[PDB]
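Next up is one chain by itself, shown in structure tokens, the form deposited in one PDB entry.
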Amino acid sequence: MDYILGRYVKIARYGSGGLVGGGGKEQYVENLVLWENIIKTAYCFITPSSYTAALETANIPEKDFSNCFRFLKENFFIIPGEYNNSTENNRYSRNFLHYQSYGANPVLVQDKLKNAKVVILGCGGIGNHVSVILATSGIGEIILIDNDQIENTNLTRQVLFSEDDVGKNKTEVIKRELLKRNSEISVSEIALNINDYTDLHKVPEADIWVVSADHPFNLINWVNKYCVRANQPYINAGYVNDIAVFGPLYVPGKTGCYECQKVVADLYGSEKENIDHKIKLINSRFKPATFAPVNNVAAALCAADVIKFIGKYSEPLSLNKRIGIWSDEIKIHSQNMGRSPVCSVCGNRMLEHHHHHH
């Protein structure tokens, strides 16, 4: 078993020891003498070589070599030599170092993406944008579900549309634009909007559903019930005026669902009739105050989670979480949506006080 140093590993002196690696997977080491030894070990693995062959060129004592090795190995600073097979720039090279640095065989990862089916449930700004990122990263099959046509005002949000495209169907244009970007992938269309809960029966099985159509406000409740019942993984994305929302990513039997922690606000009108008519009116007039850069942020983090989910190389960020990114301040909130045994949508079980008999 030959190991090799990742081309993404950086080193610098800092604190009472040093830093190994860069970005998310960066490690900080206390003992300056250990830090030296890690550098020493790392050097030996610059060329793909077995544990014994690398050791044979080290100066440090065999014992410390075993420590550094395990360290560098577990952190993914040195990786199996196989994980390095080149190919002719392979289009997805700029993504291979990323997978390596998380400890995955980049070839396994791409194969999974190539073999995945992903449904875009709703093709406004967000689904639009997720599908590009997914196509562009090698998702094999994409199913575009929508029934609207490209309007005038859509051109601010939906980064794929020309002035030339007003009037045409959303899925039509997204479909041609994804084919321009990657002709090795297959894409289908379904002329459908979820107007009633039962419409969901018409949506096909896939590895995951991307669920982002801001209307109806309660689409997620539907999608959640349906997906729990139908054993179907989904991830949700959207916005609330100027906050970008994404998550949960729901995985049947392995995570919580949208109702588990009964997190988000219940909607009510008024008990007094004369003020309820006023509320009904005000809410009928409602249009969201959106901002395209927020659109984009939710969409990209969302697409990121899908890639991890199907590529099986890292824990997606939005397991058990609804996540809000603020745009008028540096602020990220996370709502807990971990599995609840007592959820009224998934799991069969009730919540009770102890009854002490004596």
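Quick note: we count residues from 1 along the sequence shown, nothing fancier.
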Checking the other entries of this protein that model its neighbours, is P80 missing in at least a third? no
Checking the other PDB entries with both flanking residues built, is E163 absent in a third or more? no
Got a sec? Mean C-alpha B-factor, which is higher, 71-79 or 126-134? 71-79
Mean C-alpha B factor from the entry: is it higher for 10-18 or for 338-346? 10-18
Selection from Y313, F45, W326, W35 [criterion: highest C-alpha temperature factor in the record]: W35
Per the entry, which of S188, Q100, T87, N195 tops the list for Cα B factor? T87
Third of the chain's Cα B-factor distribution that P216 belongs to, per the entry: highest
According to the PDB entry, is the CA B factor of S49 in the bottom, middle or top third of its chain, that is, lowest, middle or highest? middle
Chain-wide C-alpha B factor ranking for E177, given as lowest, middle or highest third: middle
Sorting by Cα B-factor within the chain, modelled residues only, which third would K63 end up in: lowest, middle or highest? highest
Of the three thirds of Cα B-factor ranks in this chain, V29 occupies the highest
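What comes next is about the form deposited in another entry, which is not displayed.
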Using the two-rigid-part description of the chain between this form and the one not shown, establish whether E82 and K117 are assigned together. no
